[PDB]
Amino acid sequence: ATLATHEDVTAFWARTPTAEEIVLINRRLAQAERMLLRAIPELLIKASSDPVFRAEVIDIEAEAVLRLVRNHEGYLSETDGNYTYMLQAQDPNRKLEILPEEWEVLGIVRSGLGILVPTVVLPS
Amino acid sequence: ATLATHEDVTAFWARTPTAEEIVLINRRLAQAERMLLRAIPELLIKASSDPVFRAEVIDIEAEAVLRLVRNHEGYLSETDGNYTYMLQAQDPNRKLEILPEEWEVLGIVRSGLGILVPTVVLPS
Amino acid sequence: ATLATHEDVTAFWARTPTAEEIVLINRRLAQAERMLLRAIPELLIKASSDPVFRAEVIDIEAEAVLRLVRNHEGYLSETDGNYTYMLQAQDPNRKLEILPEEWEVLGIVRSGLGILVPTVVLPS
Amino acid sequence: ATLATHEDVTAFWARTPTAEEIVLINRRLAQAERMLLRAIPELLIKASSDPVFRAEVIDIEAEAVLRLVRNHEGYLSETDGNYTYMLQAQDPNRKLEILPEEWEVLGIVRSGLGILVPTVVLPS
Amino acid sequence: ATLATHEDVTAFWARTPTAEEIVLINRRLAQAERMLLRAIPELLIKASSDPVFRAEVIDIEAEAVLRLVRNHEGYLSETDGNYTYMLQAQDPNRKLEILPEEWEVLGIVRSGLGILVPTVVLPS
Amino acid sequence: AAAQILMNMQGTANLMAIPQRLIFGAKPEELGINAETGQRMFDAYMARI
Amino acid sequence: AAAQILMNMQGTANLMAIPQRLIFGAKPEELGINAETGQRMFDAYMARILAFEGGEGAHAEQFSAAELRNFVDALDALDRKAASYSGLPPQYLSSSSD
Amino acid sequence: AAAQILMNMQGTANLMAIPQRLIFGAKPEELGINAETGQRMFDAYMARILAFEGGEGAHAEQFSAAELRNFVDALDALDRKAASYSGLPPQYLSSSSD
């Protein structure tokens, strides 16, 4: 099983999920863990013995799913004529991704200044 | 337990949270503490020694959580029988952040000027 | 207790607050108190020695909190079929702050002209 | 007590204030007097000695409170049974301030051309 | 007393004031008096000697007040179930001031071209 | 004729043989101009920014 | 007349023979100005590049130098008058190219 | 007078004969600036091209070099006075002249 759990995603997503949303969350968590491992091969080793690093990766997995399962039906507004709502204009997101600042929390930030080096083979 | 508590967040809010929102607030308060602790390794030592510094940590944590949990459901409007409300507009408001104005209060400051320095290996 | 008190914020608001909402005012005053004190370390000596200076601090704390608690619920309108209101397009109003027009009343100012000084270590 | 009175603001407003609006006006008139006294330290003894000058100060204090209390509730519209009204749009988040053309009546003129003077210390 | 009276202001307004609007008009005329005296201290000598200059001053005072009192409640519309009105939009910032052409009528006029003169103290 | 040209040239060498520097949009109180004198002193050694 | 040109040229060399360098739209506290003194030292060695966060229409610009030759072109005119009125050889006022 | 021009010219050759190099709209953490020292070292051999993540208005700028020649043509003018007032052969002062 993944380091974070559907109980972790439900700790942030105050609405308790239905069984369809539980199977969704279990696969999105597996995708988030698999994405972190491909960037940091040591992830499960660090998380075996560092108890604050466990809290980094678990809350970042739970956030990376939360921003994708929040309002996943895509509704703006709904009614039965006796009750109704409408939402703020949320971004219609379609992929799981981990922020530049979340990679800095995991300790693998990358710089935005790099160099192109001209080269020519020396003669003989 | 974490340094601030859901009574602090509730006191800067203006309504009692449900037992569901209490889990969200408890989960977010721990995330806000871990962000400050990363930037200031002495945080709990300073908050034990200095009661003015403690008051800043407690209220910066409570602010950082409050701006996420207020209207976390994302409504713009609802109606119920003949009752109706509408709110001010909001951003996607996605994730926990500590402001530059709050880092200055915690006593850590970053310059807006930095210098790129040319270098070449000296011959030998 | 703080230098200003919830009766000052009440008097400038011209509304009687809720018991749930005096608690908010007390914690916002407890921020504004030390937010001034951390900029003017002698503030409590001035505010007990000089009663005209004390009145500036009384006003500036109560105004700084009143800016924040004015429509803290974030409604733009409400109704049930017999009564309705709609408010002006007020600010998103997301922090406690002291204005530059209030800092100059407390007798501190920041010059908008400053200088960068080039320097190089002299040989020896 | 203060040079101007809530009767002065009431006379310029052309409405009877409530008991809360009276205490707001009494607090803000003292703030306006203190704001003028800060810039004209002779104010209270230039007045009474000069009666036409006192007559300026009374209506400047009253208008400086009045533009801050005309619609302090922040409404744009209300409905009540079958009655309804709407106001002209006007600026949110108004502040107690004295305009340049009122400082000119007190006799303070701000000059819009000033100079930066380069200096270097002369050697010895 | 003022040169113009509330009989002049109602004659240009073409509506009869309430006793509260009479108190309001008597104070706006008291401003227009000292607005003109500060520019032209001869005003009372001219307006008692010359009936055409008197008639001009009377109407400059009456118009300067009417530019404020026209709609001082600040309505855009009102309705009940059976009668309704709405008004052409106008600015909320109505402020007691005399127009450039109203100063030309009273015989004082600005220059839109003026010069800055460089000066240096001559040696001795 | 030549005496007038020598006076106008000399007068120009006093008032105007140099640029006059200006700044538009900066507030006098934002620059920190002293209200009594209309001047702000600043140190003017070579390479200050 | 020539003494006034030499005075003004020398004061110009002390005050304006170099350009004056300005930055607009950067906060003094963003650049890290020491508020007690209004200044900030920075390392001014050769070829280092300064980098700023500023984006509020933020830009560098400069006032020009004064061209000191604008006064020298009046000095040699007065030297031709000093030669003309005195009747000395043009050599004695260093005024001829021959 | 000539000593003041030599002082200011020598000073200008040490601080300002170089065009100062600037970047605007650039975040220090994106450039990789070390927070403890305020700097980043970069390998500056010859034709290497720097590539930046562009901020919303990010661009490079320069302040001008000072023209040292703007003092040198006042040094030449003061040697021309020193020859005139002394009455030496012009070649003792304005050595390159004739």
# chains A, B, ... in the order shown; residues from 1 in each chain; ligands from 1

$ calpha_fit_rmsd --fixed "chain D" --moving "chain C"
0.7 Å

$ select_by_dssp --residues "range 55-121 of chain E" --states "alpha helix (DSSP H)" --output "MDAnalysis selection string"
chainID E and resid 55:69 100:105

$ write_last_selection --atoms "N, CA, C and O atoms" --output "mmCIF file, in the first residue's frame"
data_model
loop_
_atom_site.group_PDB
_atom_site.id
_atom_site.type_symbol
_atom_site.label_atom_id
_atom_site.label_comp_id
_atom_site.auth_asym_id
_atom_site.auth_seq_id
_atom_site.Cartn_x
_atom_site.Cartn_y
_atom_site.Cartn_z
ATOM 1 N N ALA E 55 -25.801 91.045 -7.893
ATOM 2 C CA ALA E 55 -26.589 90.005 -8.548
ATOM 3 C C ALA E 55 -25.727 88.822 -9.018
ATOM 4 O O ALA E 55 -26.137 87.671 -8.885
ATOM 5 N N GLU E 56 -24.517 89.073 -9.516
ATOM 6 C CA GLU E 56 -23.585 88.002 -9.854
ATOM 7 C C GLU E 56 -23.146 87.213 -8.619
ATOM 8 O O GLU E 56 -23.290 85.996 -8.618
ATOM 9 N N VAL E 57 -22.702 87.855 -7.537
ATOM 10 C CA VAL E 57 -22.310 87.145 -6.310
ATOM 11 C C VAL E 57 -23.450 86.295 -5.754
ATOM 12 O O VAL E 57 -23.234 85.135 -5.415
ATOM 13 N N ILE E 58 -24.671 86.834 -5.702
ATOM 14 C CA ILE E 58 -25.846 86.103 -5.220
ATOM 15 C C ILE E 58 -26.022 84.795 -5.987
ATOM 16 O O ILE E 58 -26.274 83.748 -5.394
ATOM 17 N N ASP E 59 -25.870 84.826 -7.307
ATOM 18 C CA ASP E 59 -26.084 83.638 -8.120
ATOM 19 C C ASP E 59 -24.891 82.683 -8.092
ATOM 20 O O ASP E 59 -25.103 81.475 -8.118
ATOM 21 N N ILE E 60 -23.654 83.176 -7.971
ATOM 22 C CA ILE E 60 -22.495 82.302 -7.761
ATOM 23 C C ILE E 60 -22.637 81.542 -6.442
ATOM 24 O O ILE E 60 -22.408 80.338 -6.409
ATOM 25 N N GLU E 61 -23.071 82.191 -5.361
ATOM 26 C CA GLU E 61 -23.366 81.488 -4.111
ATOM 27 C C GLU E 61 -24.500 80.476 -4.274
ATOM 28 O O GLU E 61 -24.372 79.333 -3.840
ATOM 29 N N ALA E 62 -25.609 80.861 -4.902
ATOM 30 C CA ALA E 62 -26.755 79.976 -5.036
ATOM 31 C C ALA E 62 -26.457 78.750 -5.914
ATOM 32 O O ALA E 62 -26.843 77.635 -5.570
ATOM 33 N N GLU E 63 -25.728 78.912 -7.017
ATOM 34 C CA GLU E 63 -25.297 77.788 -7.848
ATOM 35 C C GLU E 63 -24.277 76.894 -7.142
ATOM 36 O O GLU E 63 -24.386 75.673 -7.226
ATOM 37 N N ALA E 64 -23.311 77.461 -6.415
ATOM 38 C CA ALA E 64 -22.309 76.669 -5.710
ATOM 39 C C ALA E 64 -22.938 75.725 -4.680
ATOM 40 O O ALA E 64 -22.480 74.597 -4.521
ATOM 41 N N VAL E 65 -24.016 76.147 -4.017
ATOM 42 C CA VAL E 65 -24.792 75.267 -3.140
ATOM 43 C C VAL E 65 -25.634 74.283 -3.934
ATOM 44 O O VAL E 65 -25.649 73.096 -3.611
ATOM 45 N N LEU E 66 -26.314 74.718 -4.994
ATOM 46 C CA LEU E 66 -27.170 73.820 -5.761
ATOM 47 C C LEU E 66 -26.395 72.645 -6.375
ATOM 48 O O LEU E 66 -26.910 71.532 -6.415
ATOM 49 N N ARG E 67 -25.134 72.838 -6.770
ATOM 50 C CA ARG E 67 -24.272 71.744 -7.248
ATOM 51 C C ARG E 67 -24.038 70.637 -6.207
ATOM 52 O O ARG E 67 -23.633 69.545 -6.605
ATOM 53 N N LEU E 68 -24.297 70.885 -4.917
ATOM 54 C CA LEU E 68 -24.258 69.883 -3.842
ATOM 55 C C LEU E 68 -25.634 69.322 -3.491
ATOM 56 O O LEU E 68 -25.796 68.109 -3.405
ATOM 57 N N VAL E 69 -26.619 70.188 -3.245
ATOM 58 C CA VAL E 69 -27.894 69.762 -2.649
ATOM 59 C C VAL E 69 -28.836 69.080 -3.640
ATOM 60 O O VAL E 69 -29.844 68.524 -3.220
ATOM 61 N N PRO E 100 -13.644 77.665 -12.446
ATOM 62 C CA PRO E 100 -12.769 78.651 -13.077
ATOM 63 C C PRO E 100 -13.527 79.794 -13.766
ATOM 64 O O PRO E 100 -13.215 80.964 -13.557
ATOM 65 N N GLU E 101 -14.571 79.490 -14.533
ATOM 66 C CA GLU E 101 -15.415 80.512 -15.156
ATOM 67 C C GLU E 101 -16.264 81.303 -14.147
ATOM 68 O O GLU E 101 -16.576 82.463 -14.390
ATOM 69 N N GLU E 102 -16.599 80.740 -12.986
ATOM 70 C CA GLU E 102 -17.261 81.489 -11.915
ATOM 71 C C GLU E 102 -16.290 82.484 -11.256
ATOM 72 O O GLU E 102 -16.690 83.598 -10.920
ATOM 73 N N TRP E 103 -14.996 82.163 -11.153
ATOM 74 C CA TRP E 103 -13.987 83.153 -10.765
ATOM 75 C C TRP E 103 -13.808 84.259 -11.808
ATOM 76 O O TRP E 103 -13.748 85.432 -11.444
ATOM 77 N N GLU E 104 -13.811 83.932 -13.102
ATOM 78 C CA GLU E 104 -13.769 84.951 -14.157
ATOM 79 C C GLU E 104 -14.960 85.920 -14.074
ATOM 80 O O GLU E 104 -14.786 87.126 -14.242
ATOM 81 N N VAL E 105 -16.164 85.414 -13.779
ATOM 82 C CA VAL E 105 -17.365 86.237 -13.576
ATOM 83 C C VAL E 105 -17.166 87.231 -12.435
ATOM 84 O O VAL E 105 -17.418 88.421 -12.606
#

$ residues_around --residues "range 21-27 of chain G" --least-positions-apart "5" --cutoff "6 Å" --atoms "only C-alpha atoms" --output "PDB file with N, CA and C atoms, in the first residue's frame"
ATOM      1  N   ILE F  49      24.614  54.723  -6.891  1.00  0.00           N
ATOM      2  CA  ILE F  49      23.380  54.559  -7.664  1.00  0.00           C
ATOM      3  C   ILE F  49      22.224  55.031  -6.798  1.00  0.00           C
TER       4      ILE F  49
ATOM      5  N   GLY G  54      12.667  43.503  -9.123  1.00  0.00           N
ATOM      6  CA  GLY G  54      11.711  44.558  -9.465  1.00  0.00           C
ATOM      7  C   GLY G  54      11.008  44.368 -10.810  1.00  0.00           C
ATOM      8  N   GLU G  56       7.628  46.376 -11.164  1.00  0.00           N
ATOM      9  CA  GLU G  56       6.612  47.443 -11.101  1.00  0.00           C
ATOM     10  C   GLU G  56       6.875  48.567 -12.130  1.00  0.00           C
ATOM     11  N   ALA G  58       9.844  48.616 -13.242  1.00  0.00           N
ATOM     12  CA  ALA G  58      11.181  48.887 -12.741  1.00  0.00           C
ATOM     13  C   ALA G  58      12.209  48.923 -13.874  1.00  0.00           C
ATOM     14  N   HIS G  59      13.056  49.951 -13.885  1.00  0.00           N
ATOM     15  CA  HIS G  59      14.090  50.140 -14.905  1.00  0.00           C
ATOM     16  C   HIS G  59      15.252  50.966 -14.369  1.00  0.00           C
ATOM     17  N   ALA G  60      16.435  50.763 -14.930  1.00  0.00           N
ATOM     18  CA  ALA G  60      17.575  51.646 -14.739  1.00  0.00           C
ATOM     19  C   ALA G  60      17.525  52.799 -15.741  1.00  0.00           C
ATOM     20  N   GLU G  61      18.045  53.962 -15.376  1.00  0.00           N
ATOM     21  CA  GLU G  61      18.358  55.038 -16.318  1.00  0.00           C
ATOM     22  C   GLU G  61      19.367  55.997 -15.693  1.00  0.00           C
ATOM     23  N   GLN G  62      19.923  56.913 -16.473  1.00  0.00           N
ATOM     24  CA  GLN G  62      21.015  57.761 -16.014  1.00  0.00           C
ATOM     25  C   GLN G  62      20.921  59.170 -16.586  1.00  0.00           C
TER      26      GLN G  62
END

$ interface_residues --of "chain D" --to "chain C" --cutoff "6 Å" --atoms "only C-alpha atoms" --output "NGL selection string"
:D and (20-21 or 24 or 74-81 or 92)

$ interface_residues --of "chain F" --to "chain G" --cutoff "9 Å" --atoms "only C-alpha atoms" --output "number ranges by chain"
F: 6, 9-10, 13-14, 17-19, 21-22, 44-49

$ interface_residues --of "chain G" --to "chain H" --cutoff "6 Å" --atoms "only C-alpha atoms" --output "compact mmCIF listing (two decimals) with N, CA, C and O atoms, in the first residue's frame"
# COMPACT_ATOMS: atom_id res chain seq x y z
N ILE G 18 31.16 62.78 -14.87
CA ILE G 18 30.66 61.40 -14.88
C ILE G 18 29.13 61.37 -14.91
O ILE G 18 28.48 62.28 -14.41
N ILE G 49 27.46 40.97 -12.22
CA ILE G 49 26.14 41.37 -12.73
C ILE G 49 25.17 41.50 -11.56
O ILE G 49 24.95 40.53 -10.85
N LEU G 50 24.54 42.66 -11.37
CA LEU G 50 23.49 42.82 -10.37
C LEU G 50 22.17 42.24 -10.89
O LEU G 50 21.83 42.47 -12.04
N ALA G 51 21.40 41.55 -10.06
CA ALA G 51 20.08 41.05 -10.44
C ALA G 51 19.02 41.48 -9.42
O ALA G 51 19.18 41.27 -8.22
N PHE G 52 17.92 42.06 -9.91
CA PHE G 52 16.84 42.62 -9.09
C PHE G 52 15.50 41.92 -9.35
O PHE G 52 15.14 41.64 -10.49
N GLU G 53 14.71 41.75 -8.29
CA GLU G 53 13.33 41.24 -8.41
C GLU G 53 12.37 42.20 -9.11
O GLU G 53 11.34 41.76 -9.62
N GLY G 54 12.67 43.50 -9.12
CA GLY G 54 11.71 44.56 -9.46
C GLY G 54 11.01 44.37 -10.81
O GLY G 54 11.65 44.11 -11.83
N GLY G 55 9.68 44.52 -10.81
CA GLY G 55 8.82 44.38 -11.99
C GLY G 55 7.70 45.42 -12.09
O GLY G 55 6.90 45.37 -13.03
N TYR G 92 52.52 83.11 -27.17
CA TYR G 92 52.53 83.42 -25.74
C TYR G 92 51.19 83.10 -25.06
O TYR G 92 51.18 82.84 -23.87
N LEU G 93 50.09 83.04 -25.82
CA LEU G 93 48.80 82.53 -25.36
C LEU G 93 48.54 81.09 -25.84
O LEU G 93 47.40 80.63 -25.85

$ interface_residues --of "chain D" --to "chain F" --cutoff "9 Å" --atoms "only C-alpha atoms" --output "list in words"
residues 110, 111, 112, 113, 114, 115, 116, 117, 118, 119, 120 and 121 of chain D

$ decode --residues "range 7-27 of chain D" --atoms "N, CA, C and O atoms" --output "compact mmCIF listing (two decimals), in the first residue's frame"
# COMPACT_ATOMS: atom_id res chain seq x y z
N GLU D 7 -23.77 68.07 16.46
CA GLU D 7 -24.73 68.98 15.82
C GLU D 7 -24.18 69.57 14.52
O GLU D 7 -24.93 69.69 13.56
N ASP D 8 -22.88 69.89 14.43
CA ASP D 8 -22.29 70.35 13.17
C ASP D 8 -22.37 69.28 12.08
O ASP D 8 -22.86 69.55 10.98
N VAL D 9 -21.95 68.05 12.38
CA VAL D 9 -22.02 66.94 11.41
C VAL D 9 -23.47 66.63 11.05
O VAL D 9 -23.79 66.49 9.88
N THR D 10 -24.37 66.61 12.03
CA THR D 10 -25.80 66.40 11.82
C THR D 10 -26.38 67.47 10.89
O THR D 10 -27.12 67.14 9.96
N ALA D 11 -26.02 68.73 11.08
CA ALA D 11 -26.50 69.82 10.23
C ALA D 11 -26.01 69.68 8.79
O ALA D 11 -26.80 69.87 7.87
N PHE D 12 -24.75 69.29 8.56
CA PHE D 12 -24.25 69.02 7.20
C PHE D 12 -24.80 67.72 6.60
O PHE D 12 -24.89 67.61 5.38
N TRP D 13 -25.16 66.72 7.40
CA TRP D 13 -25.68 65.44 6.91
C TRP D 13 -27.15 65.51 6.49
O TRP D 13 -27.55 64.84 5.54
N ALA D 14 -27.97 66.32 7.17
CA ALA D 14 -29.42 66.40 6.99
C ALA D 14 -30.15 65.06 7.25
O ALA D 14 -31.09 64.69 6.54
N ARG D 15 -29.74 64.35 8.31
CA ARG D 15 -30.44 63.21 8.93
C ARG D 15 -30.24 63.26 10.44
O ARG D 15 -29.19 63.72 10.89
N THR D 16 -31.18 62.75 11.22
CA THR D 16 -30.97 62.52 12.65
C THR D 16 -30.15 61.24 12.86
O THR D 16 -30.56 60.17 12.41
N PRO D 17 -28.99 61.30 13.53
CA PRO D 17 -28.18 60.11 13.80
C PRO D 17 -28.78 59.24 14.91
O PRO D 17 -29.44 59.76 15.83
N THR D 18 -28.54 57.94 14.89
CA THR D 18 -28.86 57.04 16.01
C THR D 18 -27.87 57.19 17.17
O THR D 18 -26.83 57.84 17.05
N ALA D 19 -28.14 56.56 18.31
CA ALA D 19 -27.24 56.60 19.47
C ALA D 19 -25.85 56.01 19.19
O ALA D 19 -24.86 56.46 19.77
N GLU D 20 -25.72 55.03 18.29
CA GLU D 20 -24.43 54.50 17.86
C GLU D 20 -23.71 55.48 16.92
O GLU D 20 -22.51 55.71 17.04
N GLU D 21 -24.44 56.09 15.99
CA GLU D 21 -23.88 57.06 15.06
C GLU D 21 -23.40 58.32 15.80
O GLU D 21 -22.36 58.88 15.45
N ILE D 22 -24.07 58.72 16.88
CA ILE D 22 -23.62 59.80 17.76
C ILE D 22 -22.26 59.49 18.39
O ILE D 22 -21.37 60.33 18.35
N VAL D 23 -22.06 58.30 18.96
CA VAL D 23 -20.75 57.99 19.57
C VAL D 23 -19.66 57.85 18.51
O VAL D 23 -18.55 58.34 18.72
N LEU D 24 -19.95 57.30 17.33
CA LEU D 24 -19.01 57.29 16.21
C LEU D 24 -18.60 58.71 15.85
O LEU D 24 -17.40 59.01 15.81
N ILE D 25 -19.55 59.62 15.64
CA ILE D 25 -19.25 61.01 15.31
C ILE D 25 -18.44 61.67 16.43
O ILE D 25 -17.43 62.31 16.14
N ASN D 26 -18.78 61.47 17.70
CA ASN D 26 -18.00 62.02 18.81
C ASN D 26 -16.56 61.49 18.82
O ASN D 26 -15.64 62.27 19.08
N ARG D 27 -16.31 60.21 18.52
CA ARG D 27 -14.95 59.66 18.43
C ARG D 27 -14.20 60.24 17.23
O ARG D 27 -13.05 60.66 17.37
